[PDB]
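Consider the single chain below, provided in structure tokens and representing the form deposited in one PDB entry.
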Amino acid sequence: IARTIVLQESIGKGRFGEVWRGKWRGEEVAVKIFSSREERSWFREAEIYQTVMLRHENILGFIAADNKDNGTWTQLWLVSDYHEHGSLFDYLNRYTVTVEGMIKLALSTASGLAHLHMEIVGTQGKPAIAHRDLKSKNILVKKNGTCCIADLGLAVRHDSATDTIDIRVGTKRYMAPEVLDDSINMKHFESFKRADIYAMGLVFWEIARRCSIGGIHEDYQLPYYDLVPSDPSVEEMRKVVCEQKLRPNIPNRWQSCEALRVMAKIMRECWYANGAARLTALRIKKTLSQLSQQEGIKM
């Protein structure tokens, strides 16, 4: 596996390890490399990706986990499909999207999250999973304009049998209110799903801003760009999200389009201070699916 892959270009670095663009038998693939001391993170992400029935079009396609000794030290590898466009973050910074395009990005993301959160009952069943670090930089855009979720290293799996998790972290900017004020019940798996929804609402806000209507659109911005410094601390985020109770601003322009109106509504229903009041990934997917069948465009 890793023995025949040739690294060609450095393309990114997440919380742990670094991502490279490799070549396997002539085919481009993405390789995430971890150091020996990062074995726990490497192992956990390999573990999540190897979850029974995890594969889904809206989830990064996992190829394999492997070790590679260069003669001095050993590298811990995770190999996956390669997606030229890169992260949703990079995509939205470089391009603007049409109504159909925005819907495809949002729907695919919601479908990907719904799959993760959904428990598949059966002999070869799939446990429910919460991501815990959803954001535009952890989502990838495929050549067909659809998104797939990546970086599952912090994910948690639920055992409905006894209602327990198999095991604050994540990106401060996208942390849900209950996480920022640390009021979240770590023992309740449902709380992790709801926190994921809050984050996805922020992502939907990033996409919508880039929806170019009649040549009109807003420039790319991360959520809360107008309220907190770059790389904000938990305290800075808490004061804005928890105390002042602010959320990303919804442009007036969005009212001149039924598509943006539906999106805007979904956003609000994702940002409720109380996770139990937020929409579900499935409900969101259904809503966007119907909105999609309206305009008319590939799902």
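Whichever C-alpha set is largest while still superposing within 1.5 Å between the two forms counts as the rigid core. Numbering starts at 1 and follows the sequence shown.
Keep in mind the form deposited in another entry is missing from the figure; the text below concerns it.
- Per-residue Cα shift between the shown form and the other one after core alignment stays below 2 Å for all of 53, 246, 273, 234 except 53.
- Once the rigid core is overlaid between the shown form and the other one, residue 72 counts among the residues whose Cα shifts by 2 Å or more.
- After superposition on the rigid core, displacement of the C-alpha of residue 40 between the shown form and the other one amounts to 2 Å or more.
- After superposition on the rigid core, displacement of the C-alpha of residue 286 between the shown form and the other one stays below 2 Å.
- The gap between the Cα atoms of residue 14 and residue 117 is larger in that other deposited form, by no less than 3 Å, than in this form.
- Whereas the shown form places them at one spacing, the Cα atoms of residue 231 and residue 37 lie at least 3 Å closer in that other deposited form.
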